[PDB]
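A single chain, nothing else alongside it, follows as structure tokens in the form deposited in one PDB entry.
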């Protein structure tokens, strides 16, 4: 190319200046580079200094290389080909430079190039790189492998995509030759490469699986950590996708993994420990472990202690041996259930009461970890353990306090189910104290644990509501920011647990001011809104009218957040390369808060909706690609329908066809909320609903006859069908034979409320229009009517009119034989109310 002395001297001068200890020289060197980088020719100088300029020292050559790298990831589109090709050429030609720093710099350049732009645009990178493995010089093959490894890491899928002509059909069968290789580094690269294409079930690998597995075993004997680490994760991945292939060697594999899990090198052990975690997901787990389980449990238990460094760090967090071991134990507990207890109880006895806090803490962890799996088996021990754990809450070691919070929370169901004064009361008391711990980890552990307890206790908290709030409020003034987020969640779940009991002037006055205070601090782009808003949602629903003095600004901000999200999305859709896609969670939380507001206030939200474009915003939300957005919007739709239908009615003709295209059970909660919504709009439409029925009925009937459909979806589907029939018996009653069974099965099990009332009025009207529609399945109807504890008088008369009607249709004889099949409660009930 064209490097001239004057040019070179200037850049070297600038490179020297960038290495100055002087802070001002630095700031002005920054702006000097700022200008130069936009000149493609400058990049030519940069690579030249890296690869060609032998004269220059290593940190100078490499820094030139790195500046170039930054350029290749903010300006690469604007590179002409002539410079690009000069860099590409110059890199691959120096990939094995005897300087490790130069080698690394060249390497980042290659891989960054491939990454940012070269996608398929570098057609002969991979082919040359592969052949560069066959080369003589050690550094050369090492450098090439390093590059390949990195390419596979961020590029993984190069096969599954096929944007280049199936390139992996060449590479994979090429790595395993180097498994055999004399040097540890190369072995690692080779394995680390192959490993990238296991879970993907990569064609090239799957039809080469035997060669892989054989070569892996050949490595089992290797003592080089990096190799062990990679072999370990190979086996883990293989276990998930090629179960068939490793059964015949399973004993030897388990023996190997169990050894490595006990490796003194933390990293080997962690990769080894993943084996147990994924093995526990396979149905063949019990059979495979029989010879090794007795050793595995104590080994897992021992790795669940904090490491020595973590102990030191936590005095003054991501995946590690402790977490993996604890997670593995958790799943194994769910697999073995009560069979695990004889393995674990002798360990617990030595751990739970131990004089060394680290050992004790691990014991408490274990106790918590196994809670879900071994719950039945632990019941006998809880009258002793729970009081003991309660004591541990005031242990003088913070790390003991925090884990106790969690473990106790894992046994919340049992606690709540016992007399309140024996466990619940003292537990709640000590948790509250612990919420105000001076230690921040404890604060959140306690707060998290209390929330869990709240969820389980529900109304059982009502007597202690004042005492609870005292602490939660005080925490507002105590907590820094991170823990205020968990606190909002605890308040949120409290509001859900105690419902309307929360509606007291004193409670509102102590609770609301600090909630709004943080509301005013937070900006519309701060994710920390999510917990606050979700908290507000629950409070609003619980407070109802009590929320009146607070609604307006809350309402405005939410609509606004939805508006700006929709805006940002359109803007991004127009020019993706210039405007960031928005975080739709802001929209989800805002809709969900508007839903709560509407549920809480009911009719009293009218004035706000009157002044609002919320419905025109909803129209786009309902059509969003993201299920949760639709799910939130259908919920708000249902709420506004009940609260102030006059504003909704104009939109129905647009809204219905969309509701009709979202009755897809694949999206349970979207389907559910759409279904609920259409039931509520029915009631408001009356017979005006007739034209919309066909676009919705067939599907609802399909969904209510569908196996493996959640209880709640089926209940809403039944109610809605009931409701459609009430307003338009003529359109729906012909379908009676097809839905009456599951309709009845589903609704006999629900509480007597307005919705059930509404749905049964519908089923009566339909029977009056098509009685031969129920005759064959009348027992179901009988049972469903018998499920009513206190039906309204008119609904009752409808019932006995249908019952009397049926008995008269079949005559005293057929009736008495039909009623023979009545369980006693049923036979008895329809004489207390119905005289049949």
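Numbering follows the first chain given and starts at 1.
Going from residue 316 to residue 317, you skip over 10 or more residues of the deposited sequence that the entry leaves unmodelled. Looking at 620-628 and 116-124 together, the entry lists the larger mean B-factor for 116-124, computed on C-alpha atoms. In this crystal structure, the stretch out of 326-334 and 70-78 whose C-alpha atoms carry the higher mean B factor is 70-78. For the set 471, 98, 439, 429, the PDB entry assigns the largest Cα B-factor to 98. When the C-alpha B-factors of 556, 169, 565, 443 are ranked from the entry, the top spot goes to 169. Among the modelled residues of its chain, residue 572 has a C-alpha B-factor that falls in the lowest third, as given in the PDB entry. Ranked by Cα temperature factor within the chain, residue 387 sits in the lowest third according to the deposited record. In the deposited entry, the Cα temperature factor of residue 477 places it in the highest third of its chain's modelled residues.
The PDB entry assigns residue 409 a C-alpha temperature factor belonging to the lowest third of its chain's modelled residues. For residue 526, the recorded CA B-factor ranks within the middle third of the chain. Only modelled residues enter the ranking.
Quick note: we don't show the form deposited in another entry, though the next part is all about it.
In a two-body description of the motion between this form and the one not shown, residues are grouped by which rigid part superposes their C-alpha better; on this basis residue 452 and residue 554 lie in different groups.
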